[PDB]
Amino acid sequence: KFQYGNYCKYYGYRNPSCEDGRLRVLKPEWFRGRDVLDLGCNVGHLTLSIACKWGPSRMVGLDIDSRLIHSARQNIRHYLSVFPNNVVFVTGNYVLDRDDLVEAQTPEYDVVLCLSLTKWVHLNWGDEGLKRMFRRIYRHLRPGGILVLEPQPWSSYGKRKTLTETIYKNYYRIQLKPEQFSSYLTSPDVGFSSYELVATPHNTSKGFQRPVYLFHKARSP
RNA sequence: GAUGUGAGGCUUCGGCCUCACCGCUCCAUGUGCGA
Ligand SMILES: Nc1ncnc2c1ncn2[C@@H]1O[C@H](CSCC[C@H](N)C(=O)O)[C@@H](O)[C@H]1O
């Protein structure tokens, strides 16, 4: 059971080809020379694809599962500050325990990637945990920064609801649905000033054809 | 990625309801690891 979406063979079935269709949708100019945080990086195949070809000055992959982070560090050699010096991995839970911790975050990134993560944060920590993540992302971005959001649809949550009693409990308490993420992220509770639907990448499975959004943090104060 | 069967009833023929049955799991999946 992978109650956080912490699958240890994830890319083997997401990208059987080994070609991640999201790389045709993400734009190189978003990353080149920028500080990037990759949330829920798993074993880091996508993290390392970006770090080794699109030259971010700093790329940080974060995952709650230390086993996947160790794997990600061992995957660096498959992609051989220029890469590999521009990438680091960290084990951690991005969802913060208190709203006081979430509003003390200082800006450090030009880009935050939040790809295929919202469902797992939502199921494990409820609306409250998802909103803490959203507010923390905004606080962690510099003016002019961007959030790249790839959220799972609500229709795909239900088949995971029995993983744990807490997940089950959260499933039936959730009131902020994916269809309302955009409005929430651009409300004063978070503060993103505009957003765009970039595209829906192609994938062998329709279940992985998810919209990719760009949320902009305004350059002016 | 994958929810089957039957009787009765209501259908706005799109299905739905009650009950009975069958299940409550199977399949896909490693660029990590080598006691
Ligand atoms: N609260 C949390 N903090 C950090 N990582 C988390 C998390 N909740 C779930 N995760 C991690 O999120 C990952 C989702 S797999 C998604 C991988 C990657 N973002 C991609 O799109 O290809 C899992 O590896 C899981 O361990």
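Every heavy atom of this structure was used, including side-chain atoms; hydrogens, water molecules and symmetry mates were not. Chain letters run A, B, ... following the sequence lines, proteins first, then strands; residues in each count from 1.
- As rounded to whole Å, 16 Å separates atom P of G32(B) from atom CZ of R73(A).
- For the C1' atoms, the distance linking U29(B) with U5(B) amounts to 32 Å, nearest Å.
- Scanning atom types as modelled, no donor and acceptor separated by under 3.5 angstrom connect the side chain of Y11(A) and the base of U31(B).
- When each of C8(A) and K159(A) is assigned the nucleotide of RNA chain B bearing its nearest heavy atom, the one mapping closer to the 5' terminus is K159(A).
- Listed by chain and number, the residues in a ring-ring contact (aromatic ring centres under 6.0 Å, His included) with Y157(A) are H122(A), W154(A) (sequence neighbours excluded).
- For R67(A), the salt bridge (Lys or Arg N to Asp or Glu O under 4.0 Å) partners at least two apart in sequence or on another chain are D65(A).
- A close approach under 4.0 Å does not occur between any side-chain nitrogen or oxygen of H45(A) and OP1 or OP2 of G32(B).
- Nucleotides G23(B) and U3(B), compared at atom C1', are 9 Å apart to the nearest Å.
- When both distances must be under 3.5 Å, the Watson-Crick or G-U wobble mate of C13(B) does not exist.
- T204(A) and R14(A) are not linked by any side-chain donor-acceptor pair at a separation below 3.5 angstrom, with hydrogens and angles left out of the test.
- Stacking between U12(B) and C13(B) is absent, since the six-membered rings do not have centres under 5.5 Å apart together with planes under 30°.
- Pairing status of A2(B) against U18(B): not a Watson-Crick or G-U wobble pair with both distances under 3.5 Å.
- Regarding nucleotide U12(B), the torsion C1'-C2'-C3'-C4' is less than zero, so its sugar is described as south.
- To the nearest whole angstrom, the two P atoms, one in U11(B) and one in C17(B), are 15 Å apart.
- Between the side chains of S116(A) and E150(A), at least one donor N or O lies within less than 3.5 Å of an accepting N or O.
- For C27(B), the torsion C1'-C2'-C3'-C4' is above zero, which places the sugar in the north, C3'-endo range.
- In this structure, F2(A) has its ring center no closer than 6.0 Å to that of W120(A).
- Taking atom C1' on both nucleotides, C22(B) is separated from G4(B) by 7 Å, rounded to a whole Å.
- If you take atom P in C26(B) and the same atom in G8(B), they sit 35 Å apart, rounded to whole Å.
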I'd like a list of close polar pairs between nucleotides 33-35 of chain B and the protein, N/O only, cut-off under 3.5 Å.
from	atom 1	to	atom 2	distance (Å)
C33(B)	OP1	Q74(A)	NE2	2.8
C33(B)	OP2	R77(A)	NH2	3.0

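- North puckering is assigned to the sugar ring of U5(B), since its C1'-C2'-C3'-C4' angle is above zero.
- Taking all atoms of both residues into account, the shortest heavy-atom contact from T91(A) to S66(A) is OG1-CA, 3.5 Å.
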Kindly determine whether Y172(A) and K161(A) satisfy side-chain contact (heavy atoms from CB on, under 4.5 Å), including the steps that lead there.
CA-CA 9 Å; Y172(A) 284 110; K161(A) 67 176 161 288; 3.7 Å; yes
